[PDB]
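So the sequence lines, in the order shown, correspond to chains A, B, C, D, E and F.
To get PDB author numbering, take the position in the first sequence, counting from 1, and add 250.
To get PDB author numbering, take the position in the second sequence, counting from 1, and add 250.
To get PDB author numbering, take the position in the third sequence, counting from 1, and add 297.
To get PDB author numbering, take the position in the fourth sequence, counting from 1, and add 395.
To get PDB author numbering, take the position in the fifth sequence, counting from 1, and add 346.
To get PDB author numbering, take the position in the sixth sequence, counting from 1, and add 494.
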Amino acid sequence: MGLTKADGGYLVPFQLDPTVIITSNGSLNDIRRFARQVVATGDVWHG
Amino acid sequence: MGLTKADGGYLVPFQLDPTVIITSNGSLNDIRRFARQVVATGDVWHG
Amino acid sequence: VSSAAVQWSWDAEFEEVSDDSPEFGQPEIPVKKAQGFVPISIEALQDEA
Amino acid sequence: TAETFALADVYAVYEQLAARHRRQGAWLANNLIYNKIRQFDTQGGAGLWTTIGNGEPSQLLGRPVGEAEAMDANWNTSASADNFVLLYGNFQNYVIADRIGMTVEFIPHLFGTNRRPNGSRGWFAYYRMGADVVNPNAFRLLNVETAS
Amino acid sequence: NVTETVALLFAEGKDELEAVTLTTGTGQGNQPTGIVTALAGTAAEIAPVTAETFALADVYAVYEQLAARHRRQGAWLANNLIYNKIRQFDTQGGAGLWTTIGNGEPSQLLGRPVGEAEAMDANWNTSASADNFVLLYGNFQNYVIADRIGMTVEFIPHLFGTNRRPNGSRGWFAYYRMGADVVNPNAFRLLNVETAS
Amino acid sequence: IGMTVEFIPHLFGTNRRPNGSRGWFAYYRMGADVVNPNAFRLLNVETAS
């Protein structure tokens with residue numbers, strides 16, 4: 251009676267970590283920290 | 251994104267009932283309720 | 298989980314016993330789905346009672 | 396006896412079962428089979444389930460009695476090969492897993508063929524469950540199979 | 347929770363073994379003597395009135411052909427099929443009415459207690475055995491069961507391997523001692539329905 | 495407009511009847527450009543063959 255499923259292996263509780271691990275690089279960009287932001291209302295912004 | 255494992259099916263919690271289900275028929279006997287029982291203190295009993 | 302009872306035997310003196318480990322199974326039950334639909338027209342829903 | 400139903404079969408379904416399950420079990424059949432059982436005793440012998448004028452007895456051989464219309468009850472005007480008519484066993488080995496009850500939703504706008512509003516509405520509903528047998532040795536089922 | 351589960355399994359195994367061997371034991375080698383085995387071929391064996399048929403008079407014959415010293419201190423033992431067949435004897439509605447359908451199993455037959463044993467023979471039609479012992483009546487104080495030790499379990503802490511070193515396995519040993527036989531064989535009446543080939 | 499997520503109640507099937515699925519729609523709008531190109535100095539390393 252070992253750890254084989256048919257030999258008692260069905261009694262071991264299943265252990266899971268619910269939290270997900272993102273496996274994507276992403277990107278670090280800082281233009282929005284220096285650039286100038288304005289609010290638009292239509293389709294085009296004129297100056 | 252459905253119930254298949256690769257489409258989010260890894261997030262469903264596992265459900266299990268630990269209690270054991272005996273699947274052996276067994277047998278019911280009442281000879282012991284009518285017979286005569288004596289204590290033995292050896293390998294044989296005489297009379 | 299399901300299983301069975303171990304198998305005994307009437308053994309003699311100085312006689313080796315035999316392995317009696319039981320077998321284990323996992324009864325399983327899926328959950329399925331049913332549905333039904335009733336369409337209706339925009340005239341009927343405001344004309345009928 | 397083939398193509399025949401008698402008191403012997405009613406006894407046999409009860410007999411051919413282990414004690415551990417037999418001591419706690421129930422009967423499941425259709426009302427036609429129960430009436431057939433009711434019409435076995437004519438001279439008040441050992442088959443006297445009840446007398447005409449009384450409703451359906453709640454016990455048979457000391458065990459609870461239940462009804463289920465979905466099982467077939469006749470093997471003459473039927474054309475199927477097999478007719479399972481009687482059942483007796485421990486029903487605690489039949490698990491009915493229940494997940495979600497009935498829910499009804501109202502779709503405000505239904506669409507036509509070319510993906511434009513059609514001028515209609517609808518009602519959607521769904522229901523989820525699951526059921527199966529855990530131990531298949533805790534039952535007995537009678538099959539009066541019609542020979543061809 | 348391995349330990350408690352396996353202890354329950356040991357109990358089930360012990361019962362499933364002993365209850366069977368109390369009824370059908372070889373009596374030679376390493377097995378105790380069963381009741382039907384010790385009542386086979388002795389003057390306890392009788393035959394039905396009509397060959398290959400279990401009728402109402404056969405129960406009465408089994409009850410009758412035993413002496414009054416033991417007949418007043420007897421009990422019935424058979425399979426459930428036999429009790430149901432006795433139940434089905436009555437059709438007209440008189441003097442054969444043990445009980446009616448809708449009632450439990452009666453506790454008395456001819457004024458004596460009733461017991462059951464699943465290890466006895468069931469049907470003489472489907473079975474290929476020439477001998478089918480289906481009914482039993484007698485004084486059961488003449489059947490002695492001698493018991494020595496109850497069911498005990500010991501814990502082996504270290505099993506060894508081929509080269510006599512530990513392999514990382516632990517064990518659970520159990521044993522049980524009992525013995526039984528008949529004393530007077532003329533206090534029983536076993537009915538045998540021999541089906542000819 | 496920032497990030498907005500809308501919850502579609504019912505996705506439909508091939509025969510224009512509900513098939514039993516729901517949806518998640520998101521979108522945002524923005525725009526950018528350079529008003530004066532003399533405020534920067536970009537370096538290009540033209541590594542031809």
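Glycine included, C-beta positions come from ideal geometry on N, C-alpha and C.
Supposed contact pair residue j and residue i - C-beta distance, whole angstroms, cut 8 Å
{"i": "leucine 537 of chain E", "j": "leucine 481 of chain E", "result": "4 Å"}
{"i": "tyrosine 483 of chain D", "j": "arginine 535 of chain D", "result": "6 Å"}
{"i": "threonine 370 of chain E", "j": "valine 382 of chain E", "result": "6 Å"}
{"i": "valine 270 of chain B", "j": "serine 300 of chain C", "result": "6 Å"}
{"i": "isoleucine 447 of chain E", "j": "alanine 441 of chain D", "result": "7 Å"}
{"i": "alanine 424 of chain E", "j": "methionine 466 of chain E", "result": "6 Å"}
{"i": "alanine 421 of chain D", "j": "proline 459 of chain D", "result": "4 Å"}
{"i": "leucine 385 of chain E", "j": "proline 531 of chain E", "result": "6 Å"}
{"i": "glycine 439 of chain E", "j": "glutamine 438 of chain D", "result": "5 Å"}
{"i": "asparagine 430 of chain E", "j": "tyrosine 406 of chain D", "result": "5 Å"}
Contact check, residue i vs residue j, beta carbons under 7 Å
{"i": "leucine 355 of chain E", "j": "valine 303 of chain C", "result": "yes"}
{"i": "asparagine 426 of chain D", "j": "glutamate 462 of chain D", "result": "yes"}
{"i": "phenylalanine 479 of chain D", "j": "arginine 510 of chain F", "result": "no"}
{"i": "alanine 365 of chain E", "j": "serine 277 of chain B", "result": "yes"}
{"i": "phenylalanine 519 of chain D", "j": "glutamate 500 of chain D", "result": "yes"}
{"i": "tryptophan 307 of chain C", "j": "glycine 359 of chain E", "result": "no"}
{"i": "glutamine 419 of chain E", "j": "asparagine 376 of chain E", "result": "no"}
{"i": "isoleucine 502 of chain D", "j": "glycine 517 of chain D", "result": "yes"}
{"i": "residue 630 of chain D", "j": "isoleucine 339 of chain C", "result": "Given that chain D is displayed from residue 396 to residue 543, the structure contains no residue 630 of chain D and the question cannot be resolved."}
{"i": "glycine 259 of chain B", "j": "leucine 253 of chain B", "result": "yes"}
{"i": "residue 304 of chain B", "j": "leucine 368 of chain E", "result": "Lying outside 251 to 297, the shown extent of chain B, residue 304 of chain B is not represented and no answer is given."}
Three-way DSSP call (helix, strand, coil) for residue i in this model
{"i": "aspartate 404 of chain E", "result": "helix"}
{"i": "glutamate 391 of chain E", "result": "strand"}
{"i": "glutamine 454 of chain E", "result": "strand"}
{"i": "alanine 384 of chain E", "result": "helix"}
{"i": "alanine 542 of chain D", "result": "coil"}
{"i": "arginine 282 of chain A", "result": "helix"}
{"i": "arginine 417 of chain D", "result": "helix"}
{"i": "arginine 433 of chain E", "result": "helix"}
{"i": "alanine 397 of chain E", "result": "coil"}
{"i": "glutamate 410 of chain D", "result": "helix"}
{"i": "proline 512 of chain E", "result": "strand"}
{"i": "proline 531 of chain F", "result": "helix"}
{"i": "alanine 463 of chain D", "result": "coil"}
{"i": "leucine 537 of chain E", "result": "strand"}
{"i": "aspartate 257 of chain A", "result": "helix"}
{"i": "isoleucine 491 of chain D", "result": "strand"}
{"i": "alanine 424 of chain E", "result": "strand"}
First and last residue of the uninterrupted beta strand (DSSP E) at residue i
{"i": "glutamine 332 of chain C", "result": "329-338"}
{"i": "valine 288 of chain B", "result": "286-289"}
{"i": "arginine 516 of chain D", "result": "515-528"}
{"i": "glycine 484 of chain D", "result": "479-484"}
Boundaries of the alpha helix (DSSP H) in which residue i is found, first to last residue
{"i": "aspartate 361 of chain E", "result": "348-369"}
{"i": "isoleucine 502 of chain F", "result": "No alpha helix (DSSP H) contains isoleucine 502 of chain F, which is instead part of the beta strand (DSSP E) from 498-502."}
inquiry  = Within 8 Å, do at least three Cβ pairs link the segment 489-498 of chain D to the segment 512-532 of chain D?
reply    = yes
- Query: So, do the segment 321-339 of chain C and the segment 378-397 of chain E have three or more beta carbon pairs nearer to each other than 8 Å?
  - Reply: no
Which residues, in chain order, does the segment 454-480 of chain E contribute to contact with chain G at a C-beta distance below 7 Å?
-> No chain G appears in this structure, whose protein chains are A, B, C, D, E and F.
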